[PDB]
C-alpha cells in the first residue's frame, strides 16, 4: 500500500501584487508525497484562505480541515482519489473554501499516481489518446474598434489562430457599437481563425438585449458567447440559447463542483461548458463534466490562466475528446506562472497543444520558483504552529 504522508503548501507571489484582473500574480502550489512518490498541483484560489482550509481546527464533524481527509489516506489507484474527494466533500461540507483547496491536492494525486505508474493523468482518467487542441488567447476589447482590430492583428502575428475578446465596452451601449467591436475582432483575426466573445455577465437578465447581438455574432462567425447573463440567471441563459443562432452560449468557469456545471448544462442549456480544474475539485469532477457534456452534445473547454502545470491539468479532462478542439491558453501571464515549471507545453506543427503524452501532468515543477516567490506564512492556534512555510 501507498499512503499519503505529506502535503506541502507553497504560497507563491510576485513581489508586487496589483489590482489588475490577473490571477497569475500569485499561486498556491501543492506537493503531495506518498512513499517517496511526489505529485504537484495548483489551486485556483486565494492562497491563505485555502491554506487555512487545509489546516484549521475542526468546527465539528462536517467542518473538518481538508488535511483530515487527505493525510494518511491510501493512494494506490484512481479509485482512492474518488474516495478522498468524497471524504473532503462530506467532512468539509461546511468549510466553504474547501473545493478550491481540494482542487490543487486532487490534481497532485493524479500527478503522483501517473508518475508512480508511468501513465499520463489522461490515461488514468480513462482516455486512450491525448488529441491536439487549438490554444486561444483571452483578450480585452479595446475602448475603440480600432484598438480591438490591432489587438486581434497582434494576436494573429504572435501565432494565435483562435482568440477570445472580452469585457471592455462590450454590451455596455448600443447594438451598433458592439457590431463595430465584434467585426473589428474578426477583421484583425482573419476569416479562418476561431473567434469567441465574453461579455462578463453585462446583459444581467435582459434576454432581448443579449439576443439583439446574435445577428452580429453570427455575421462574424463567433463560436461562443460567454457569460451573457448574471451567473444565477439560468432561465435567461436557456431563453437566449433557444433563439436559434449559430453562436452557442458558454459558461462554467467559476463552477466549484459538478452540480454548478450541470445547472448551466441542463437548466441554462449552454453549448460550451468551461471548466477550471483548479476550482471544481480537480480532474475527477472536470472529467465528470466532460462525460456529461458528451452525453448532451455540449462542447467542453478548459478555463486556465496561470502556469503550464495548471494548463496541463486543465487539458486532462478532455484530452480524449478529439472534436472538442479549442483550449484556453495562458497567453501572457506573470513571470511567476512561467517560472513554476522548468519545461512548458509547446505547440505541434499545426499550432496545437495537448495534455502531455508523458507521466502524470507531464511537467517538472521548478524548485527555483519555490525560492524566489515563496511567501513566508505562519498560523498559530493556542501558541502552537499549525502551519509554517515548507521548503
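Numbering follows the first chain given and starts at 1.
- Stretches 295-303 and 140-148 differ in mean CA B factor, with 140-148 having the higher one.
- As listed in the deposited structure, the average C-alpha B-factor of 84-92 and of 71-79 is greater for 71-79.
- The entry lists C-alpha B-factors for 109, 283, 231, 275, and the highest of these is at 231.
- Out of 48, 326, 63, 38, it is 38 whose C-alpha atom has the highest B-factor in the PDB entry.
- In the deposited entry, the Cα temperature factor of residue 218 places it in the lowest third of its chain's modelled residues.
- Remark: residue 245 belongs to the highest third of its chain, ranked by C-alpha B-factor as recorded.
- Ranked within its chain, residue 130 lands in the middle third, by CA B factor from the PDB record.
- When the modelled residues of the chain are ordered by C-alpha B-factor, residue 253 sits in the middle third.
- Among the modelled residues of the chain, residue 160 sits in the highest third by CA temperature factor in this PDB entry.
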